[PDB]
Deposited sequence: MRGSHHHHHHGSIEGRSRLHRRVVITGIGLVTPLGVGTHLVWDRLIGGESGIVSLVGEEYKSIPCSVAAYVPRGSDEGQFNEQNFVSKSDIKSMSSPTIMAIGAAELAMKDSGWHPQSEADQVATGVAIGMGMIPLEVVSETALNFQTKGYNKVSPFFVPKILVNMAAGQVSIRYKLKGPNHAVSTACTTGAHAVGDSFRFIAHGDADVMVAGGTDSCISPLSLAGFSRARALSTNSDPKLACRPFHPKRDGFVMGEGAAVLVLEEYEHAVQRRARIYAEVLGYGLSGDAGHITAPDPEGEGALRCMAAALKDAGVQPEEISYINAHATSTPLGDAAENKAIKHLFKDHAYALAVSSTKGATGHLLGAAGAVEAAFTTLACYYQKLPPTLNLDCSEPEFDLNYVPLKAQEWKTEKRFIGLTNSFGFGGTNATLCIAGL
């Protein structure tokens, strides 16, 4: 009546695929990130005069190495029935499986491999254009692919079909927290015995006048016209986030499964914490504290064992300060022994993909024992007195990291990830 004990398995990360404003491809992206590079640029197009915002972080497109070329992954015929985020997700999943050396062929390997890829927001423009087409050209001009193009779970569905992944098929949609939940849920499915491998992550492409209008009106997007300075987490002059686009996918695998096939293992997922603010759609950051605490409890590790936090910090006056507070309250005097950085200066806020790209960055920090910098942080206010890895990457017991994702609607998640 109190329950039964069951085997709870260890879970590792063996592959990473990245489609980001810093570029495409695992170690290329990590190099640029560590080298202090950024993908934030000025918005181009006449359609953007209607909005106060003038910057964003785009995925670089083209045929050079490190650029995104859709035609490498999908046919011209597929591009009509798939949204841009779905295409980005297929690219990232392909690169992740290649990075892992996992290409399931047998029925047993296919059924043992699932997919958990989330999306924060559906493609607004596709809905917008179809509505107008329906109203002016009639029913029979609506694409038969409209529904399959606009469902949140379609990226996970398409990756499953493309790579014949037949295990659990799951898609979360929790705004900025989306990518973190996808990795955590996958971790849990594997530990529980539902799958031996999970292809997990997040994707989003929300850069459009309407989307940016919506976010400008509902939250704080920076109005800074200088793309080199717009996004500055923890900085006195921070004034809102910068929208990015992209997809990040990780291959999670049961430990003995990985060892048996002699996979290269980046890191171990130790813990997963979740909480709700239950406040507003909190300057003390209580929700953030409870979520980090939950991840520590899940991992069975003490606060003093943590050496690195990849912060959610999106460059907002209230948000960055609340997270800083939650960190200080939880870690107390140990807060001064660890390092904290936000990589959003480099990628922008990738929304649905943010938690996944940052889980990948934390995974690589564990692997390389090196910390990506917080860009643009040349000074700080008294309350910001921690080591935020300002400007330049730093070299760095077991290496244990946390990565935080806090989303619209008060939904919070933290992942605890460690070196092996």
Legend entry - Deposited residues absent from the coordinates (by C-alpha): 1 to 12, 294 to 296, 412 to 414
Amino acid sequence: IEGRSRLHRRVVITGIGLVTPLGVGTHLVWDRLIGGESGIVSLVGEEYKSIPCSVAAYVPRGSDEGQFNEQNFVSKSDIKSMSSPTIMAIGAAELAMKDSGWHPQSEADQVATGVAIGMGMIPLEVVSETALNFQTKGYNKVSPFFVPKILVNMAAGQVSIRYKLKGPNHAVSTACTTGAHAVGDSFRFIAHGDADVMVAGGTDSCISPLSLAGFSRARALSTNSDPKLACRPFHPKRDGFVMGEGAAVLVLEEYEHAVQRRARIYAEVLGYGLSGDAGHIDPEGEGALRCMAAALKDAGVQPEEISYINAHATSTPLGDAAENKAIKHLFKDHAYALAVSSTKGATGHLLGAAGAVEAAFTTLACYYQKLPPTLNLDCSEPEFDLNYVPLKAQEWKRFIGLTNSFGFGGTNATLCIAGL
From here on, numbers count along this sequence of modelled residues.
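What we label the rigid core is the largest C-alpha set whose atoms superpose within 1.5 Å from one form to the other.
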Inset, instruction - Determine, for 219 to 227 and 254 to 262, which one has C-alphas that on average lie farther from this form in 4 other deposited structures of this protein; superpose on the rigid core first. - result: 219 to 227
Legend entry - 345 to 353 against 79 to 87 - segment lying farther from this form in 4 other deposited structures of this protein (CA RMS, rigid core fit): 79 to 87
Legend entry - Higher-scoring stretch by recorded Cα B factor average, 64 to 72 or 363 to 371: 64 to 72
Legend entry - Greater mean Cα temperature factor according to the PDB record, 42 to 50 or 373 to 381: 42 to 50
Inset, instruction - Tell me which of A248, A326, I207, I309 tops the list for C-alpha B factor in the record. - result: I207
Inset, instruction - Name the residue from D109, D194, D99, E129 with the greatest C-alpha temperature factor listed in the entry. - result: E129
Inset, instruction - Give the position of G15 by CA B-factor within its chain, expressed as the lowest, middle or highest third. - result: lowest
Inset, instruction - Going by the recorded CA B-factors, say which third of the chain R232 sits in, lowest, middle or highest. - result: middle
Inset, instruction - Would you mind ranking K149 by its C-alpha B-factor against the rest of the chain and naming the third, lowest, middle or highest? - result: highest
Inset, instruction - Would you mind ranking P21 by its C-alpha B-factor against the rest of the chain and naming the third, lowest, middle or highest? - result: middle
Legend entry - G300 - Cα temperature factor, lowest/middle/highest third of chain: middle
